[PDB]
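Here the structure comes first, spelled out in structure tokens, and everything after it is commentary.
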Ligand SMILES: *[C@@H]1O[C@H](CO)[C@@H](O[C@@H]2O[C@H](CO)[C@@H](O)[C@H](O)[C@H]2NC(C)=O)[C@H](O)[C@H]1NC(C)=O
Ligand SMILES: *[C@@H]1O[C@H](CO)[C@@H](O)[C@H](O)[C@H]1NC(C)=O
Ligand SMILES: *[C@@H]1O[C@H](CO)[C@@H](O)[C@H](O)[C@H]1NC(C)=O
Ligand SMILES: *[C@@H]1O[C@H](CO)[C@@H](O)[C@H](O)[C@H]1NC(C)=O
Ligand SMILES: *[C@@H]1O[C@H](CO)[C@@H](O)[C@H](O)[C@H]1NC(C)=O
Ligand SMILES: *[C@@H]1O[C@H](CO)[C@@H](O)[C@H](O)[C@H]1NC(C)=O
């Protein structure tokens, strides 16, 4: 009918005579949102003849219906409810002002690094196709840690580990450093150009033009972090040679000094840089967020730096907060300031690779180091976020690539590695059979699924687009087909 | 304000008590009904003639007819050919009555590796003409009949593909291999080509996700795969070891089969009755043939294709839509055209047989190619009577007519005759910029089909109505695809896609 995806009709009529009602809606998960107007409920023309109105409240998560009249601005009913999808809820307001919100119809219902990379790629492809249009399979509106926020950081962690592993293997093979540097620069340049040309633009609307080309993005950031980490490791590389040896940390001390100074630079630039027409050290979403007194401030210092450097037209025109906070500005999640945190996370992946490689002959030592790093990073994350998605010093935020976000995802990745390394490598109980096929063809699978996003085996016309089940089935089938394609490529040894 | 290849025609009518209407038909139409271009009202008074503006096409020729609106009497007519961006003004006044056309502003318009080189040239020409070729009239497909440069890209590809099947299969058989595995590989390759075509090439996904009710089944790659399968299976079933008319006495079975198929095609085209349509029809319908048969595109071939596949599963914008104003759907890569495509692929197999049987002696190869080209040219001249629209079977791309096959095969034989000594015997030119697509045919074709809209091959234009911009963009895209083919060749990547 007239109900879109995840909406519930709200038939509302007033059993009163001398007040004009305007229903005001505000989703619960928002931190500080101005109550947007929803409908206008007039007075009943005669006694016993209420005037009905139709509303479509978003039922993704919660709702706070606030009602105070236009004439007097005095409350009549403010109630918090959680509507269901495709429901039919009737709000009866009457004298005793009292409201009940009756319900008409019930709403409807080594090998470990490779396995981990395959898991991250499969989840990324799933959430990129839409993830069944579920609110927990899409990027969270500003602060939040939905499932789609857990894919890219793990991929960067895995790439850091693989960078260190391959660098050590090549240096042990005996190749010179200049050839390695040339190769690293070439791969980074290729990744950047691929991201700028093939992945980021959408060519169905029309041809690419400089005035409307999106420079930063996923693959550009991936290549830049690749280049930075690989060059740093190639510069400060030492031959690989326990009981509290602490060699893996003290040997790579220049890397740690550089990473710490980079993190300090990110913290200072975010929390101290004076943004014109915006409070210094802003972390909010702008738009209607923070009670709506900051209309154009999305991203704070990072957003301002990105807009100044690349222009407001070369960024993402539909940021992840544009669906909830109604931000009218453009903000790329893969901006310029977040590259520092991405580099830090890739270096944490390098650290995991160092732990894996140094103590190759003692599994107990590897597990102890992994769990110690996981505990330390988890403690840092808990201290920073104050175990809350809104409060705390630095909230976990994907768009800003917050330091708490990096530390939390590093904790999760270290725990995942602590689980995966024994079973897949040491015990060999389960080789990650359905997963590592993209683990060996990451970049090819990503580029292919971006190019072939719209083709028949991955997309087809559905009976009703306003249904979660059909979208979920289509996305699952597409991801399974990409797993099968990666398997076929692996069998033919096309790397 | 003006479109591309469209002059501006201003009519100044000094007549007093006669409404004036004009008509226009392209000089390239065989029999086209005139269409209303513009209506010029009578002048309210002497000295202030009524002026009306209209845009006239320019791609090729123009014939105008001036008729009275009420009395339906012809006043005057012209055969002037306009310019791309002109300002021609037409004045008609009573003197009998004569109309003079004036120009206000002048227009502004002024292994063997020989098979590999052939296939590379055909592929590059195909990629150029698919991107548009500058929107030129002779770089696009012919309207219904005739032979433009864009019509020669595909038949040469099918010819060389057939020759390559023969060469590769005879090499494999000579080296030693079972026939069952070969037939299985051929079937897999044909099925893969058909599926690739249907899923990737034919449908456009930007307008929306694929819907089964509007899926175009026939197309270039499905036809390629079907003829590949048929000709490869025939030549594999009848394959004798290599050892003077010794290249036909060893091939008479498949020759008889090809003659049977050609006879079947001729019978179906010229004899199969069609409901509400003249038997043995070839005209484009619409306004062609004086508009007596509106929905009769292709005739027998169109009717058979529509009956077997349905109107929804066809090419909705055929080549004749722009000129002959037809509403029905006709797929150029239909079902009856597959017989002639098979015949041309078999002719390519015959050319490969000629090239292989006399590999030692080059004089014999050259005389064989000369004889084949001359015989096919004579057959084409007899069939088409040397005219675009006359003759028994005019050269037709959409129908894949027999004259089309004979003419394009004679041209392919002559091109092979020129290329073979140059690339092999004398070694003057080694196909340096062309044979990399000759090695990566299918990969390059599918890549350019998928990446047609991407930036290096297509970007926003400064002036969308300039031929120069489109030509530069298409040439740059084709050069980039040559470069990509060369890079793939250097990295030893080859025909696996
Ligand atoms: C313009 O007028 C001329 C003459 O009146 C038309 O020529 C004849 O048209 C009738 C029917 O309209 C045909 O039966 C004749 O065969 C035509 N030729 C002759 C010599 O009589 C002409 O058709 C008119 N233009 C258009 C577009 O209809
Ligand atoms: C309520 O609204 C109606 C029209 O919507 C208006 O005529 C009436 O005056 C309003 N009542 C008050 C008290 O403003
Ligand atoms: C409801 O009343 C509060 C004050 O208690 C006010 O801030 C708010 O704007 C009112 N809602 C409206 C006017 O929609
Ligand atoms: C919701 O319930 C009311 C109660 O009768 C009904 O009239 C209305 O049609 C229902 N909504 C829809 C969309 O059917
Ligand atoms: C020419 O067309 C005009 C416009 O309708 C009309 O008034 C006039 O009568 C026409 N001329 C003749 C001779 O009918
Ligand atoms: C054609 O000439 C007329 C009068 O000379 C002028 O008004 C008109 O703009 C010209 N059109 C073009 C396309 O030059």
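So for chain A, numbering is Swiss-Prot's, and the shown residues are 75-170, 177-189, 268-399, 407-660, in order.
Recorded method is electron microscopy, 3.6 Å.
Just so it is clear, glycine is given a Cβ too, placed from its N, Cα and C backbone atoms.
For the ranges A:375-395, A:445-465, A:466-486, the feature annotated in Swiss-Prot as transmembrane segment maps to A:375-395. Checking Swiss-Prot for region 'Lysosomal targeting region' across the ranges A:600-611, A:612-623, A:624-635 points to A:624-635. Among the ranges A:135-155, A:303-323, the stretch that Swiss-Prot annotates as transmembrane segment is A:303-323.
Topology check against Swiss-Prot: residue A:342 and residue A:493 fall in different compartments relative to the membrane. For residue A:462 (disulfide bond), the same-chain residues that are 6 or more apart in sequence and have a Cβ closer than 8 Å to its Cβ are A:440, A:442, A:443, A:444, A:447, A:449, A:451, A:468. Distance across the unmodelled 6-residue segment, from the CA of residue A:170 to the CA of residue A:177, is 6 Å in the deposited entry. Here the transmembrane segment (A:635-655) sits against the transmembrane segment (A:276-296); at least 3 CB pairs are under 8 Å, leaving out pairs fewer than 6 apart in sequence. For the segment bounded by residue A:189 and residue A:268, where 78 residues are absent from the model, the Cα separation is 43 Å. In this structure, the CA atom of residue A:151 (disulfide bond) is 7 Å away from the CA atom of residue A:142 (N-linked glycosylation site).
Among the recorded positions A:94, A:162, A:297, the residue whose Cα lies closest in space to that of residue A:142 (N-linked glycosylation site) is A:94. DSSP gives residue A:462 (disulfide bond) a coil state; it is part of no helix or strand.
In the deposited model, 7 residues between residue A:399 and residue A:407 are left unbuilt, and the Cα atoms flanking this gap sit 11 Å apart.
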